[PDB]
Structures are given as structure tokens and as C-alpha cells.
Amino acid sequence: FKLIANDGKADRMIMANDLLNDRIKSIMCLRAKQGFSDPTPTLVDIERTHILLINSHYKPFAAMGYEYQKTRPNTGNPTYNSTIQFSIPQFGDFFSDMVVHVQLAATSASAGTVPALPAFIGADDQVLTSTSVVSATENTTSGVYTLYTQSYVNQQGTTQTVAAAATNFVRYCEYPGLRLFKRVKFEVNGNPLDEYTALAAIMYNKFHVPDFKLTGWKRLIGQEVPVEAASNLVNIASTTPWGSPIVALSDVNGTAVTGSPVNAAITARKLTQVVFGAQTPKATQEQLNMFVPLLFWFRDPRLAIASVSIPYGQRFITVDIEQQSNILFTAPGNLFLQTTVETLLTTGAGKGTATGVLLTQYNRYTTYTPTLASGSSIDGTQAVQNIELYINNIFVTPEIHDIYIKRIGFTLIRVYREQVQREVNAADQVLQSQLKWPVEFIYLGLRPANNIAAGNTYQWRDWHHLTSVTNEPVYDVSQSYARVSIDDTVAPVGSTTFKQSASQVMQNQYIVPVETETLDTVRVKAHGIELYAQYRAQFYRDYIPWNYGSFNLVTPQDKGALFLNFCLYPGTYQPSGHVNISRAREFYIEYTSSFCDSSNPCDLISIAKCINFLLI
């Protein structure tokens, strides 16, 4: 390998090595001519035209150091559903990133009871005890007698008695640290300098937490992380779990049989994910510790705020705490409704009834439904045991401090501007009344009001979703077949003395959350001129987040998270585009919906990140 540095027009345009050699020849000639001791050029001489890919240079930084400080609230002992205020203490010359430690006590539901059994299903042979409800359907035409049985059991199968003791489990809503803070306000002189709601926090959750930060984020805000679990070998090369009668069969013409398993060719095991954190129902949710970070522009160290610039007299962080009934929820515990259907096929007298004779075919179907206990609810006395605000304080030399205060003048900042418009219309043009500055981009969703309804038993999960979520069962079913001869003098093949039994039992059940999009098209108009034409929803949810922002902008998992973009580099401090303030006044977001109507009201959530300034 030799390094060729001048090979035609392409190398002269990319490396320009002959101009570089002419610069070096010429620069050594002048250094010598002028009386310099060392004629060889300086590294910045070369870097006037060329870039050095091998370069160890760095700049010394003006001396600095930082330290975190904890602070308790001014507002007494913390509770749910209250406003908590923090003073920004006088410590560092600057303060930067902030995070709040939240501690919620271990908690359990109150003792309740087993509820009443369901109603009868069949019209005949109805018996209701304290442990089961039995009914039947007769069918004297076919000879099939169908017997329904429902009962309450625990996980081990032991039947529970109606009105006996039973306790529900408890669980947290998904991303509890994000729902806990209804509003977060940075306060100076009584006036909000910036504030955001849980709506802005979940938008951050959907758009700005890439994978290399995701496990820490979920742990910071109390969301359970899946744990990987490995099975036994399911495949062992050169063998099979199947009984040999069905293994490696060939038909009478020598063709390998379709549906006949053959030995495995690899040795493998299965991976499955389990969760057992705050969102998983438990008899006792243990103490929940969260570190909810505050999503203000000055998290950036370059944008730390001068302590002398904001009077200690009234600089506050203020956090409105959510109600407990929106954070902690009941859910079925160790109690399951067992539904059982049995079919009896008789041929003799009384066939199709409880008195039929000669039973040829028995079938059984059994599902299990996790059931809530009655009178068992969340402990309304659950203590908020601790809440403390952490502030990164930054310190600089007195010389640099003086120069810095006297010379920057102003700093560019980003603020949140929210608006929530209730909608029953399949199409509307909503004036964006709350927008008043240059807007870089707008988070946009159309969240169905039902996602936050107390009557929605999936509110713990649906609350941060921006679509309509329907719940889709996927059943794991175990299938049995059993055959038995009851006459030891008669060949069973072809005989009714060769009985038949089969059963289908629910092994498990998953719930698939199917998202239904609420937005079809979105149009952005200002003074009657289109900022965005009427484009399909997937353009703002998939394309714009894919194309712009690099590792600062995440293509969101939520099918309802839309990104109205107006700059070229949405993540970066350096400005790169916005919508002017005269247009920011008369600003319309027009949507079309296949979902929203009077029967399904929705909230059009628009959250804008706007450019503002701070003088010192």
C-alpha cells in the first residue's frame, strides 16, 4: 500500500495536495527570509486551507466544576392532589439540570369479598349454591346434553365461596412519574417563566427518548422494564419431542408425509420477556422511588442560568401533584371466574337430557377470567413519604463570572405553549389561541376523552395514548383427546364401547392493544396561506420524525403522535427555522377524523416549542 495524493481532478478537489505543498514551500521560504529560527510551518498555517484528520489539539476551558444539591419543599408535608413549591437555593453561580425524587409508600388494597356468581345460562336443571352456578340446555333431537358451570377459583384451582374474603391487587398507571406532575412551573416574580403539563411530558416520552437512554428513563419515571427469561431447549439437533409414531413418515409412494415432524436441525432455546414492576398487579406494590426530571431548556449546561440574574426572593419550582385515583389502581388478584361448558352425547333413552344413557362423546371447555373482588379498593391514606428537588449547581472563577454577566446581555430559550380543544366534530379548523412567539415545531394529537375516563378500566394504560385503544384477546388453548375401551371382550375399533373424551382449557390469555387512529389529515394555515397542505397523518408521525432531528427526534411508537415541524434541526440549540409572530397569531390547525364524533369526543392537543429570550 502506497499513499497516492495527486491523481487527476478528483484528488486535487478533495485533498488539494499540490496547493498544500505550494503553501508549505512558500511558507518555509518566508519564515526563513524573515529571520525565523525554525522555517517549518505552524499547525494553524496548514489549517488555513486544509483539515488535519489526525489532530490531538484541544482548547483549555475556563475553570469550572459542579455539584448537586437537595432541597425540601416550602409547602409542608407532601400529599397527592396538592401544589408543592421549591425555592431555588443560593449555591452555585449557575444552576442547570433538575430532577425530583418522589417516594410513594408500599401499599395494598383493603380486604373485600368474593362477589355473586353469574346468572344462569341454560333454561333447565338450574342449581345455585355458594360455590357454583349450574344450568343446562337439553337437546333431545341430537342427544347432546349441554351443562354450564361457573365458579370462582384461585390460581391453584381451589374454589372460593361467595361472600368469603378476597382482596384485589394494586398497580400503577404506565409512566407514573409523567402523570404525577399535572403542571410544572418555573416561577420568577410570581409570573411563570416556563411551564408544561403531563401532556408535554408524554410528548417528550414519545419523541425524545432514544433506545440508548430508554432503560434509565423508564426507571427514572417508574415504568417497569421487561426482563429476559430463557426456556429449556425446545429444539435439540437430531431429535424431536414428538412421539415416534408420527415422526418421519412416508406415504405409500415414498413421499415424505405432510404434517409429519422430522428431527430438529438446530439446538435452540426460547426467550420470553416478563414484567414484575409497578405496572404489574401485586398484592403489595412496594415503595416506589422515582427521579422525575424537569424538562426545561436550561437542562443544557451551556444554558445554565445565572443565580445573580434571578432574585432569590422569588425564584421557585412549583409542581401540581395528581390525584391518587389517577395514579394507583385496583386490578384482579388471586381470584378467577371459571366458565365451564360440558357436552354429553347419548344415544339411548333420555338422550340430550340429564337422564340420557349410553355416553359416546364427552367434551369440556374451560376458560378463566380474572375477577375483581367487591369492596376492595386502593388505600386512600397512601403516604407520599418524600419529595426532594435536586439541582445541579455550577461554579466558575470570579474573573470569568464578572466578564460573563457583563457581556452576554441575553440568552435564547425555549418555552412550552399548550392548548387543548374538546372536539365532537369529524372535521374542524381550530384557532391556536395560545401561541404567541416564534414556533419551532408543534406536537399534535387527538386524544379520545375515554382514555382518561374513570369508567375506562384501561385508563391506567390508555391515558398517555393518542389513539382509540381496543383490547383484543389472544388465547393460549390446551387441547386434549382421550379414548377408553370399557368392554374387554369387544374390539374397540368401530364400537360404541370405545369412548371419546376431549377438552379445551385456557392456558393463558394476552390482551393486544389495537390502536385506532383519530387523525386522518392535518392542514396548517396562517392568514389564509398554507404552512402545510392537507396531508395524511402518517406524513407528520412517520416521515417528518424519520427525516429530521437525527438522534434528537425519535419516530414515535404511538400511532397518534404527530410532529408539525418548522425548523431544520429540531434538537439543536442553534436556531434553524420558525413561524413568525404575525402568523403565530391567526394560526389554524385543521384536522379530519374517521373517529371523532358526538359518540366519541376527543381533545385536540397541540404543544408548541417556542423561541424566547432572557435579558440579564
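In this text, residue numbers run from 1 along the sequence as written.
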Mean C-alpha B-factor comparison - 25-33 and 58-66, higher one: 25-33
Out of 517-525 and 305-313, which one has CA B-factors that are higher on average in the deposited record? 305-313
Check the PDB entry and point out which of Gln432, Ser480, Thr239, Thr467 has the largest C-alpha temperature factor. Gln432
At the C-alpha atoms, which of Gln223, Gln534, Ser142, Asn392 reaches the highest B-factor in this entry? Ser142
Position of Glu322 among the chain's modelled residues by C-alpha B-factor, lowest, middle or highest third: lowest
Going by the entry, which third of its chain does the Cα temperature factor of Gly549 land in? lowest
Going by the entry, which third of its chain does the Cα temperature factor of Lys213 land in? lowest
The third of the chain into which the C-alpha temperature factor of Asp125 falls is the highest
Chain-relative C-alpha B factor for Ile51 (record values, thirds): the middle
